[PDB]
Structures are given as structure tokens and as C-alpha cells.
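Supplied in C-alpha cells, the structure appears directly below.
Because the Cβ atoms are built from the backbone with ideal geometry, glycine has one as well, and the counts that use them run over all protein chains shown. Every number here is computed from the coordinates shown, using simple stated rules; none is lab data.
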Amino acid sequence: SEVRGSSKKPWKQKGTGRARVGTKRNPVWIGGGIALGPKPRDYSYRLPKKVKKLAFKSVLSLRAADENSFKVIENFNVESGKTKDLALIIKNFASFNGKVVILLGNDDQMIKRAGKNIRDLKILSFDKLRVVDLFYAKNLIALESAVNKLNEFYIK
Amino acid sequence: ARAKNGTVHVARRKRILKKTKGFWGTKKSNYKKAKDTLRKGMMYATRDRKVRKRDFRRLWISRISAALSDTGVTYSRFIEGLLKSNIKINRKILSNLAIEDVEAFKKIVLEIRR
Amino acid sequence: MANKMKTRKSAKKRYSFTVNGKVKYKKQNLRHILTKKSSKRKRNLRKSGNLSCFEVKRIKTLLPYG
RNA sequence: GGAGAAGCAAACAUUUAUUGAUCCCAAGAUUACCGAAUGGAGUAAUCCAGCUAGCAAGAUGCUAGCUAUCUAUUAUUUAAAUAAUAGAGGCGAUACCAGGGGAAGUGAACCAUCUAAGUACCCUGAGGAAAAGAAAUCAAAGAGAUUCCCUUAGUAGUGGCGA
RNA sequence: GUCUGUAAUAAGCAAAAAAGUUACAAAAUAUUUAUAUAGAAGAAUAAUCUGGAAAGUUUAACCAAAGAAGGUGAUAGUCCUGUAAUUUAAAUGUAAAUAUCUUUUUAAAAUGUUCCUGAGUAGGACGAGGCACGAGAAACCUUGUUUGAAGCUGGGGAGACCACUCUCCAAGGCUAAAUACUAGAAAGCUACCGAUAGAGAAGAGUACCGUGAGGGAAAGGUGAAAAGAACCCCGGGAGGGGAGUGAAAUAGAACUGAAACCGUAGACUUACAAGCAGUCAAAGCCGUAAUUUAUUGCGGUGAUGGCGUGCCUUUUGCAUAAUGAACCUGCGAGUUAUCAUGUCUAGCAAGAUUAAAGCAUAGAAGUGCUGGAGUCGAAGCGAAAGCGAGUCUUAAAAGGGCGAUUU
RNA sequence: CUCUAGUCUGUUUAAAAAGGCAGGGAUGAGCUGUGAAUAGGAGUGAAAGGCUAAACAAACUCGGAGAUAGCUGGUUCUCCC
RNA sequence: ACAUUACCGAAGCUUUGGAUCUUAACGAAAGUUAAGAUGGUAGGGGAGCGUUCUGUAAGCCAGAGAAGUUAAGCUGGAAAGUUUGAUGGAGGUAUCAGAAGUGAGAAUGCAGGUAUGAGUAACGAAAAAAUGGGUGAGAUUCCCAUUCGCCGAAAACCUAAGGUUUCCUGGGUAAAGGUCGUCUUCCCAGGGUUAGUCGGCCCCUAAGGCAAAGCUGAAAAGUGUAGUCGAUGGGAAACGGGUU
RNA sequence: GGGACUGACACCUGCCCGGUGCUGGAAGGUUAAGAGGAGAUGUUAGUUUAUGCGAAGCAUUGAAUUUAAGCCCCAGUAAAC
RNA sequence: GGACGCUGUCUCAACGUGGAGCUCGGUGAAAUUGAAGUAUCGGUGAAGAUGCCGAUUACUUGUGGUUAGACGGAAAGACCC
RNA sequence: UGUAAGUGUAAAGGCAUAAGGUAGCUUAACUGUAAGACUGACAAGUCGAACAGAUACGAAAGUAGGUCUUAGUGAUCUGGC
């Protein structure tokens, strides 16, 4: 019904010697419509908050189980906002040549906009975590501010 | 999300054509005729795998019967004496024996006639 | 909400559900000519009954919410 | 803005550009004829003119500027008649909105009530939104205009109590 | 305050506030590094190896508020265009704020008297329509045909109607935002398409068809750069054979070039034969490898023997002389959104869970909190009142129906 | 000049209704050129259910429309119970 | 026909392996053994192969040759899978998880290409051709000459309705011409249409259309007078010859 | 002027008005809306010791009476079916 | 319906003429088609067999003719339900 | 002789203790129920001891919830009393 064209029967029902047909844009015909094709749809849904919380606890435990890949660094900040300094800090810590996720205990805009450009880096605040990033992160670097805020964030 | 890549039908057809190499006429290249002939051929292959046993046993029996035509022992009586004297040799073995070494088979027959 | 399954009103007005599955209903033949019908027959027709277990699945389809 | 440019594409010649081009943005000028087309008409892009002015004006010459209709407002005995202004005409948006008119293929396993449905379509009006709107309202709660979402709820009711 | 001057109020002038978004209307300014329509600047790689060509391999760096994306002779954060964060406006458009200007108040509370407060209107009767409500006891609203009031000591509504009580004030006119929409202009995103796909159209409402309304296709790819084959030879040309260009000239007007289909060459077989053409046995010949070497294997052909009624639909039953396909290659059919119910998984638990929506963060149609309005359970029985682990039927637990105490 | 009885050819035709033999009318209810008028439940019809753009017991185009079918056809990889 | 002793004969049974499932036992489980049970349309249940896309993946494998096609060989119980040559000249892929426009042999299916009939029917009317010369790479078909034949109320001549460069000159043979072609109404370039008297325009009206006013209709509009258009008609004017 | 049937001309065109149409006729039988409100119902100021009754107002109603055409009915008509 | 005249309508066919047909050169379709190392008879079978059984017959391959069959081709039978 | 007769009504199964014939009294041609079953797709249909109320007959025990049994029937919606 949405392909351009007329809805006239291309030829008579009987007598022509051809296969019966109703409209030119028949899904069978070339250039016609498409039967049972894709239509716009809402893929989003919201999980129960308890399940989401339990998943967060589980992934954090799974990451912290390993001593080397999970590390904690004393609070710092990049007051200059440059990228050299932050990259130096990562390349001092991280070892597994891959995704690195930094956890923060606040919204430190200077660190965030200093790290927005590193190669394989993801900066996350404590209250805005993402399970996919945590789960696939091969190096996980947290501040002790983030540790404390996570403690009262998820103890409740 | 269109999922079209047609590297599948050519694969099926290539395997079928590989197996249908020596067939007559258009049955060796056309997809439809090759598939029809191959499918009936494989069913023939199964049936005939079971039939080969019957065919070969029949051949062995006929060969034994031929090798006994000389003496006066009809081979029903030959199998008779063979069992009765408790010689558990095989139809294939006896058939091959009558060709490779006739005198051993003849001795077996002399021994059966008892 | 675009497509909530509609109940079958003519069935709602006649069927009722018990707590664990059975369906309650009012018996027929006590609505009309009643002089000829025997008294014990009428007394039994008055009291309500339960349907056979063979209709319960279809009725549960007819009354999607009740 | 700075060195090429002569569209979408070069060819092959011939000029333009550091006296700042081409190109881009803004304003302005020109803007044939038709088309609501409106001086009259007509087979749309073409004939016929009137009045004023300029071409040696002139004999079916040429170039310009006015002369259509309707509504509202006044100069009138708003009518007849002009005059004076102001605003409309048509298109777009195979979208949205308001009003007027309003089906049937179908479902009810027929079918006429009913359904499809105030949907399709047609017509008249507008707008950036439209419509509605500051209670002679709701409804048994004490709330306080209209409109749009969430729920009440597939409930209350309604129906050849059939769909 | 009919005229003049006195006790007694109004028409104008000091003293303030609102306004083009309704609430009176019309503008002009400057003013705003506000914004829209051009722009400006914009970071930091060398060597080596293979190769026609490096961006790639390898060894070392450097930039990053810029590792968004394209192009560059193969895959570029540092080669180019750009990107991040900043920023250009004489002229014009649109926005605010400021005054100019405009309009308004030139006062307020204080007690009862007569007046006013929307008329062919409210309502009634008849025929219709809109309310989810199809005349049904049918309210309410709009209306065609008719009839027709009250005037605050009043009137409307409260799902026939009446009373009491409670709420509201019609028959006048205005009003932004939340809302709906994108033909389009700018900037972007994609578990969207990659030339039978995607808009009909990568070249198009064109070709073509119809008197007309209207209907409506097909056709993308040389190379990194034309460096488009100087010249010679056959030929009328076309085309080809050399020479040149190129990494490639079976890239030379076209990448990769499959199948259907058409050939050439070689191996074996075929003119005494009745073959859904295949399968099971099988000598001879040809190719090849072993065991010293003419016998075994793997291969290709195949004299001969046994067996064998294509396939798909539809039927009690099809080789059927029932249907369907000329062949090959592409395209071509249980999907999506919601509700009902069952199962599985995950979480919590007599509790489970938010919907719309809001804030924070960044621009990154995320995910984090906030949001308990509502929904389903926790008590059932009965038409219902009503009573409740009991209730309905009846005076009767007297016996039954449905329950249950065992979630 | 206008029409088509009879017959033959044609009949995957030269022609989506013609051609060869011929036949009827041919001063009239005649033939014909150029314009104009009557439109779908309507037109027109010396009347055949004829004609209205090669299709008419209700034209064509677009839209409702992906109308509805208890009817016919089709529905794509494998294995195990 | 009646007796004696046999044999052949199926995917039945026995024997020899191998696979899955159920039950039971052993075993810590894993698994190992004992028993039986595995034809199958409609239909129900379970387990997998393969395709595309996204995350894993700024990973890994590719200019030392990636995808794709093609040849040979090999493997798994099936879908199917991976090694090596040749071609190809630039992108693909392992594990896990997710999502479908996810698998075609048939619908008198759609689209493209190519067979078959078959080098077969036909090449469009029973008016008719022949020779010589010329041109040219090439002539039954083009040009010219001499004969013959056909139409001659035409198949001739001149104007309409229509077409729109098809007209003339020079050049050309991809294609189109039912053969050939130097030819053509085909293609390319240039040239060609001169009006006071012809036909229009214009002044007139017929058939008819439109239409201020008036009248009637939910709307759009319908009737309709004054007016204005509307030739196939009525209206000022030319003939002969020559020339490209 | 319109419609129906027959179809030059010649001789003729008979019988039936029950059925169904058409024309004319109202004495009755029957009959809608509109007038007409016998009576009945709901509400309650009051009365009734109170129910019951229940004035007025406001509503829901309805018969007897009146009434046209049509039909039945009374005739005619067949070159009306 | 009958008669006369006239005739290849016929007994009864023969010969000649023109265009096709046939051969060669040039151009070059069509419907149709699961394919095909596609014989006959008596049987059998979805009840009429090129494909099955038994038997018989038949060197391989073309061309010009002829339509008995391939329930031939063409039109989702118009008759019937 | 021994039910062949007669049992309102077809036929069948029953009927001597009669379910057949006669007479007296009488209204159980009842209200609420109903364990347990038969037959059954469902909807329905059928039998039923026994219990409370209140009767009829009988001295009483007891019988009677129409008819010797099996046909004489009609769902729902709507409306009336």
C-alpha cells in the first residue's frame, strides 16, 4: 500500500493466458511491496530495579575478585585539563593493553574532558555506571572517593 | 538487517553436481534434473547395498552346483552331508575353493558322500 | 493499551467463576411455560449448577479478565 | 576571500584576473510573454483596442502609464451611479485544523436494525498551529478555565442484550 | 451642578502604574559579542622492509577540550579537507532588555431604598441529530416546524419526575503556553538499503502507451593517474597481429565473470540394438602410484548381467493418459505492535511492581536517582442488601452447592 | 458514391472483421465533408440486451483497496523420540 | 493324490561390528556394563548446521594476496566443515552473547539471460522484367542508355484535413530497410518557406458556449435577459510569363 | 399535442364486468395526526393518634366524543389486462 | 415444392495454366517443451501403456509425404453440480 | 378351559398379590430438600431411599411429590400478570 503505483488490475482475470494478479505492487512481483518486512518499533524496556542493582553488585564483585586487573588510586585531579597527564597516569597503571575504565566519586569535569579522547578509555561516575563497560573492561581503575561513594550507594 | 548473501544455493548445487559427474545428457549439469536423478540414485544405492548379499549368495550357490555337476551328488544332498558330517565351511569359501584348488573341493565331496 | 482484549459481554452476563476454576451458571427451562413441568423438576431447575469441565477452557477464552 | 576563472564536463581556441576576478552572503537594478490574469476577447505564451505623453504621427507603426470583480469604510437620497481608500481573488503541504455533505467492498458466517464510520471522498474556510476556553461546570468529592499524556477500564452501561 | 454670587459634586491640571501574546493602538531608536543568512584560526612522524604505489610490516616517538567522518596510488590521530574548544557582521531577518513613546488611575472602604443585569431566549409539544447510552423509566446538549416564561420575593443543573437541601448565573465577545503536523531549510544519528535492493527515478515522471483523465519503465563500476594504443602489417571498414603506455592490454569502452547455452582438441566407447537412463556386480582399454615388474590399488571410460513406473500437488487409491514447471541465475510467503493464558529463565516475597513525568550528567533517541498515581495478590458466598472462614438455598450446619485449615 | 445476401480464400491472417467472384439501393426514410449538442443506473436506440473510443445485462481512470473468499494454488536447512 | 528325506528362498531370526535413547545395576560423579527399542503421513516434543548484522573487536588474520568463483583431495551420524593449486586484486574472520527482510525446485509466480521447435514456416498480393555501360574494396537491387510490361474517372496533375524538416546540396553505412546496397522517407552537416490581392487575422452572424442583473439551490453550482465569442457561411482588391 | 395496441388494401372484428386495473359515486363499516381531557399514577403543605386519605402546584398518562383520503362498498368500462 | 434450359454437381476422373510447395543462396519466427540410448502384440494397472509383465519384431542417421496415437496444441469447460 | 379377556389412546414390555372390575372417603395433580446413581460431546433428560412442615385414606403397619411403563413437546432474548 505504500509503494508508488496504481491499484488497477494489470490484465483481465480470465483468457489472457497469464497468472492471475491483483495489483502491480504485489509482493511477489519485482519492485512490489514487501510482505512481513521490518517496521519501526520500540526496542527499549526497563528491567526491575532490584535485578539491575544485583547485576551491578555482581559485576563489581567479579571484577574486584582479580587483584591485578582491578586497581585503586588515591584521589587526584588534572587541574590543567590536558590529555598528556591523564594518559601518563593510565599508561603507568594499565597493563592489559585494552579497554580501561576509570571510576570517579563525583563529576570531575576536568578529568572527564581530559579523558574523553584517550584511545580505549571510559570514564564513569559512581552513580552512572554501565554494566557493559564494567563487564568488558580489561583494566578497571577506581578512586577511593569512588570506592566510598559506591559503598553507601549500593549498601542501601 | 537484510540478510541476503547468496553463498548458499550455489554451495548446495556445487556439491550435487560434484556427485553427479558422469550422468547422461542434461542430468549432469542442470540443477533440477541432477537433483532428481541423484536422489533416486542414493535410494537405489541403499536398496542395492542390501541386495548385494542376496546376489552374491546366489552366485556362490550356482558355482557350487556347477562344480558338483561331474559327480553324482546333487548339492542339496551335498549341503545335507556337509551339515551331517559337521563341516561348517562357508558358501563363499567353497565356491572360491572349487576354482582356486579343485582337488581339495573334490576331496571334500568324497568325504561328504559318506 | 492499544489493543486490550475485549470481553464477550453476552457471556459475562451468564457465566461466573468460582475460586478454583469451576464455572457457575443458571439452569435453563425455568423461564416460560411451567404448569406442565413437575414440581421436583422445577425445584431442581431453580437451584444453580456448575458446567461440565469440557467447556471451561473455551469460557476462559471468552472471559479474558473476569 | 585571496588566485585563478569562462555553470552542471572536458575537449579547441580566444579573452578576462593582483587596478583583487571567479565564487559565497545581504541589499538593489533589470525582469520578454503566459498564467488568480484583472482594458475587451481568446485556441494559455496572441489578437483587438480606448485615454495621456514621447517617437518627422500618418495612413490597423513602436514604446511606456491607467481602464476587471467582490467585501468593508465614506462624498452623497450607503439603493442607481461613479469617487475615495483599505482588505480579499490564486498557489502550496498527495500533512495537520474547524465547519457543511457523507458512502460502500466488509463483519454479523444470509440479511434489513447494527457494524465498517463520521472512516474514504467532495465542498467551504483559515492558521502557525487550528479548534476549545475563565462554569447558569463537574459530581457526592470539595474541588475550581481550556487543551494534551497516565490511570480509572475493557470497568459502568449499551447491543436483532446478536456481532 | 439650566443663569449670577453662597453651604454642595462633577469636566480639565500636580501625584503613579501597565502595555502590543488577550487584557487600547501605532512606531522609531540606539542599545545585546543575542541569534539566523557568508567566514577566520585550528595541535602534533621519521626511518626501515615488501611492493607499481604505504597509510601497511618493524623500531622509536609526538599531539589530544581534536582517536567524528571522508579523500589521498593498499588499512593515516600527527598528508589534505575537517573535527574539539573558540570565534567574523558593513547589510538584512528574528528575538529579548532598556528607556523614547503610548494609554490608564487623577480615590477608597463604608447602609438601605427604587433601577439595571443579554427574549421569541429558557422551557413545552412534534420530527431528527450529537452523548458509549439503538425510545428504553431517558436526563443533558444542538436543532427544523410550532408554542412560549419568569425579571432576584428570580433562574439553571444534580441521568424520568416531585419535594426539601446543595451548587452555579445562560440567552455578549476575546485569550499565549502544554497539543497536532514537516512538503520542506540547517546540523546529525542508524544490529537501515548497497543497483531485481533503496524513492517510480544513482540518468525520470523521461522513453513508451491512451482522444483524455491517467498509466509508466530499462540502463551504475577501465586504471592510481588517459598515460585513449606514435609507428608498422592484413583488411574497404570493423576487427586483429606486432610495437609502445601500464603493476596488469584473456584492464583497449571495461572490475570480480558463475550457471543455463555454444564450441575446439585429446582419452575411451558406440552402426543386432528395446536403457525414468541410475544403482549393484564386472572383462577390455587409457592415466597414475606401489610391489622390480605384471599383479594390486586409486581414477576416467565402459562390452555384459541383476534390479528399477521422474518429481511436486491433490487423493480410498497416481508411472498414470489428473495438476504444475522450457532451462539457468536472482527476487519471492506465520512477521510486528498490544492484551489474555500456559511454560522456561531471572529477582523479590505476603508481598511484587511502577505508568505518565521530573532533575542531575554529557550531547552520549543513554542510565542514575526521583515519581506508589494505579494494577495484580492478601477471603469468600449470594441477584443483591447484608453477613463473613463461612456464606447461599430455607424455619432448619438437616442436608446439600460453592468455599477452607493445608497459603 | 454508399451498404453486405450467397459463396470461396483467409483463419500462429496482408487486415484485432478484410480480400476475390458478386449482390442490394442509387431524386431519396439517400450518401458525405466541417463544427456543435445529449454521459454511467445515465445517454442514445426504424428496437439487436445494439452502441457510447477495438472490451457494455450498466464504460473508463483514480481512490476506499492489501475489498471479501467455507474455493484453488504455493509455503525454503538437518537429525532424534 | 498319498508317504520318506532335503534344499532354495525376505530388510523376519541368529552371528559380526558401530550409534542414540529408556530402564536397572555398578561407579564419588563422569562414565562402564545387563535388558529392550528405535517404518512413519497429519500432528506434538527435543537437539543442531548454515546466512546476515551488532557488542566482545582501536582484538586477530590480509598486498608475502581478503572476500568471491574454480579444480583436486580429505572429514563428520545429517545439515555441512577445512587443506592445497589456479584465478582474483581488497577487505574478511575464531569464541561467547544478541537481533532477523535468516535457508526455494514448483504458486498457468516476477525479472533477466539462453535453449527448443529450426536453419524449419515466412520474406505482405498472379503489373514483368532484359542487356550494355558507368560508379565503386565489393552490383540481380544504385546511376544512365536502349527495349519490354503496368495504371491511365489513375497507380496521373493541383489544393485540404493531418504530419513537422521528412524538402535541396555534400558526405556516411553501427543500427533501422523482411535479401543486397555505393542506395533510401535512415544518420551527420549546411542551406531552403519573401504576399495590400492566396488562406487567415479583422468586420458579421447560424448551430452552440459563456454570461452583470433577475430567479433557484447544504457548498461546489443550476437556469437565464442585456452583452461577447463562435465557420463548415456572408464581406475591398491580380493575372500571364520567366527564373533557382 | 402525448401514450398504448394493431399494421396497405378487401370482407369482418362474436360472447363474458365474476378476477385484476381504470372512470364515476358517498349512504354506511373502518381509519392517522390535530382538538377533547372521563379517569388513573408519582410527589406533599396539611389533615389523619399515624398509616390511609391527601388541596394546590409541577409532571407521567389516557377513554367516551369528534374528524380527510384510502380500503370494504355501489355502478360503468374488454380495439382494458 | 415442381418444370424448362444449361452445365465436371455427379457416373469418373483426366490434362493444362498462375501463386505456394521441392532444391540452392540471403534474412529468419511461432505456439510448445520434466527431461528421451520414445517399437509391436496379448495382458496388468487410477479400469484405453513408448516407460510395468511375458513374448514377438527391429542395422545407424536423415529427407519428401500422411495424421492413427502421444487421452496432441490453444482457452483455471461455456454443458452439469 | 386358566388370561387367550380387559388395561382412555399406537405398539412393545408387563399385569392373578392383579397394574383388570366395583364401592366408600378424598385432593400427595403438596412446600423446602435430597444421600446415591442411570444415561450422557455439551445443553439436557431419568430414577431415588430418607428428612422437616402440613394433609388424604387406614384400626394399624404403611402408601400417596398425578395417570401400569415408555410419546402428547419448544432454548434464549423481549413483553404481560
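Within the range A:61-69, is there a residue that is more than 7 Å from RNA strand E (Cβ to nearest atom), surrounded by 11 or more Cβ atoms within 10 Å (Cβ to Cβ) and in a loop (DSSP other than H, G, I, E, B)? If you could, list the steps in order and put the result at the bottom.
Here is the first cut: in the range A:61-69, the residues more than 7 Å from RNA strand E (Cβ to nearest atom) are A:61-69.
With the extra rule that they be surrounded by 11 or more Cβ atoms within 10 Å (Cβ to Cβ), the set shrinks to A:62-64, A:69.
With the extra rule that they be in a loop (DSSP other than H, G, I, E, B), the set shrinks to A:69.
The answer is yes, given that some residue of the range A:61-69 is more than 7 Å from RNA strand E (Cβ to nearest atom), surrounded by 11 or more Cβ atoms within 10 Å (Cβ to Cβ) and in a loop (DSSP other than H, G, I, E, B).
What are the residue pairs meeting all of these: first residue in the range B:100-114, first residue among the β-branched types (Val, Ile, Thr), second residue surrounded by 12 or more Cβ atoms within 10 Å (Cβ to Cβ) and outside any loop (DSSP other than H, G, I, E, B), Cβ atoms under 7 Å, and 6 or more apart or on different chains?
B:109/B:78; B:112/B:78; B:112/B:81; B:112/B:82
Residue-by-condition table, conditions (1) away from every other protein chain (no Cβ under 14 Å); (2) more than 22 Å from residue A:103 (Cβ to Cβ); (3) in contact (Cβ under 8 Å) with a residue 24 or more places away in the chain; (4) under 26 Å from the mean Cα position of the chain (by Cα):
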{"residue": "A:10", "(1), (2), (3), (4)": "yes, yes, no, no"}
{"residue": "A:17", "(1), (2), (3), (4)": "yes, yes, no, no"}
{"residue": "A:24", "(1), (2), (3), (4)": "yes, yes, no, no"}
{"residue": "A:27", "(1), (2), (3), (4)": "yes, yes, no, no"}
{"residue": "A:44", "(1), (2), (3), (4)": "yes, yes, no, yes"}
{"residue": "A:49", "(1), (2), (3), (4)": "yes, no, no, yes"}
{"residue": "A:53", "(1), (2), (3), (4)": "yes, no, yes, yes"}
{"residue": "A:77", "(1), (2), (3), (4)": "yes, no, yes, no"}
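If you don't mind, another one. Does residue B:4 fit the bill of being within 14 Å of another protein chain (Cβ to nearest Cβ) and exposed (fewer than 13 other Cβ atoms within 10 Å of the Cβ)? Step through it out loud before you land on a result.
Values: within 14 Å of another protein chain (Cβ to nearest Cβ): yes; exposed (fewer than 13 other Cβ atoms within 10 Å of the Cβ): yes.
So residue B:4 passes the test.
State all residues of the range B:25-70 that are of a type in the set (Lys, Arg), surrounded by 12 or more Cβ atoms within 10 Å (Cβ to Cβ) and within 16 Å of RNA strand F (Cβ to nearest atom); if no residue qualifies, say none. Quick ask: steps written out before the conclusion?
Going through the range B:25-70, the residues of a type in the set (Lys, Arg) turn out to be B:27-28, B:32-33, B:35, B:39-40, B:47, B:49-50, B:52-54, B:57-58, B:63.
Okay, now just the ones that are also surrounded by 12 or more Cβ atoms within 10 Å (Cβ to Cβ), so B:27-28, B:33, B:35, B:57, B:63.
Once the filter is applied, which keeps residues that are of a type in the set (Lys, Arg), surrounded by 12 or more Cβ atoms within 10 Å (Cβ to Cβ) and within 16 Å of RNA strand F (Cβ to nearest atom), the range B:25-70 yields only B:35.
Quick check on this structure: which one of B:27, B:18 is more than 6 Å from RNA strand E (Cβ to nearest atom), over 22 Å from the mean Cα position of the chain (by Cα) and over 30 Å from residue A:41 (Cα atoms)? Before the answer, list the steps.
Details: B:27 fails: more than 6 Å from RNA strand E (Cβ to nearest atom).
So the residue among B:27, B:18 that is more than 6 Å from RNA strand E (Cβ to nearest atom), over 22 Å from the mean Cα position of the chain (by Cα) and over 30 Å from residue A:41 (Cα atoms) is B:18.
Counting just the residues of the range C:7-27 that are without any contact (Cβ under 8 Å) to a residue 12 or more places away in the chain and in a loop (DSSP other than H, G, I, E, B), which one comes out farthest from RNA strand I (Cβ to nearest atom)?
Looking at residues that are without any contact (Cβ under 8 Å) to a residue 12 or more places away in the chain and in a loop (DSSP other than H, G, I, E, B), I get C:19.
Residue-by-condition table, conditions (1) in contact with a helix residue (DSSP H, G or I) (Cβ under 8 Å, 6 or more places away or on another chain); (2) over 22 Å from residue A:151 (Cα atoms); (3) among the β-branched types (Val, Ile, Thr); (4) without any contact (Cβ under 8 Å) to a residue 24 or more places away in the chain:
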residue: A:85; (1), (2), (3), (4): yes, yes, no, no
residue: A:93; (1), (2), (3), (4): no, yes, no, no
residue: A:100; (1), (2), (3), (4): yes, no, yes, no
residue: A:103; (1), (2), (3), (4): yes, no, no, no
residue: A:113; (1), (2), (3), (4): no, yes, no, no
residue: A:119; (1), (2), (3), (4): no, yes, no, yes
residue: A:124; (1), (2), (3), (4): yes, no, no, yes
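Being within 16 Å of RNA strand D (Cβ to nearest atom) and surrounded by 10 or more Cβ atoms within 10 Å (Cβ to Cβ) is the filter here, so list the residues in the range C:10-22 that pass it. Quick ask: steps written out before the conclusion?
Quick first cut of the range C:10-22, residues within 16 Å of RNA strand D (Cβ to nearest atom) only: C:10-17.
Selection gives C:11, C:12, C:14, C:15, C:16, C:17.
From the list B:80, B:103, B:111, exactly one residue is surrounded by 13 or more Cβ atoms within 10 Å (Cβ to Cβ), away from every other protein chain (no Cβ under 14 Å), more than 8 Å from RNA strand E (Cβ to nearest atom) and farther than 30 Å from residue A:38 by Cα. Which is it? Show your work before the answer.
On the way: B:103 fails: surrounded by 13 or more Cβ atoms within 10 Å (Cβ to Cβ); B:111 fails: surrounded by 13 or more Cβ atoms within 10 Å (Cβ to Cβ).
Step by step, each of B:80, B:103, B:111 is checked, and only B:80 is surrounded by 13 or more Cβ atoms within 10 Å (Cβ to Cβ), away from every other protein chain (no Cβ under 14 Å), more than 8 Å from RNA strand E (Cβ to nearest atom) and farther than 30 Å from residue A:38 by Cα.
To keep it simple, each residue is scored yes or no on (1) more than 16 Å from RNA strand D (Cβ to nearest atom); (2) in contact with a helix residue (DSSP H, G or I) (Cβ under 8 Å, 6 or more places away or on another chain); (3) under 16 Å from residue C:60 (Cβ atoms); (4) within 14 Å of chain A (Cβ to nearest Cβ).
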| position | (1), (2), (3), (4) |
| --- | --- |
| C:4 | no, no, no, no |
| C:7 | no, yes, yes, no |
| C:30 | yes, yes, no, no |
| C:39 | yes, no, no, no |
| C:46 | yes, no, no, no |
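Any residue in the range C:45-66 that's more than 7 Å from RNA strand E (Cβ to nearest atom): show its pairings with residues that are among the β-branched types (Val, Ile, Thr) at Cβ separation under 8 Å, as long as the two are six or more apart or on different chains.
Matching pairs, first to second residue: C:51/C:23; C:51/C:59; C:55/C:23; C:56/C:23; C:59/C:23; C:62/C:7; C:63/C:7; C:66/C:7.
What residue, among those in the range B:7-23 that are among the hydrophobic types (A, V, I, L, M, F, W, C), without any contact (Cβ under 8 Å) to a residue 12 or more places away in the chain and outside any loop (DSSP other than H, G, I, E, B), is nearest to the other protein chains (Cβ to nearest Cβ)?
Among them, the one singled out is B:10.
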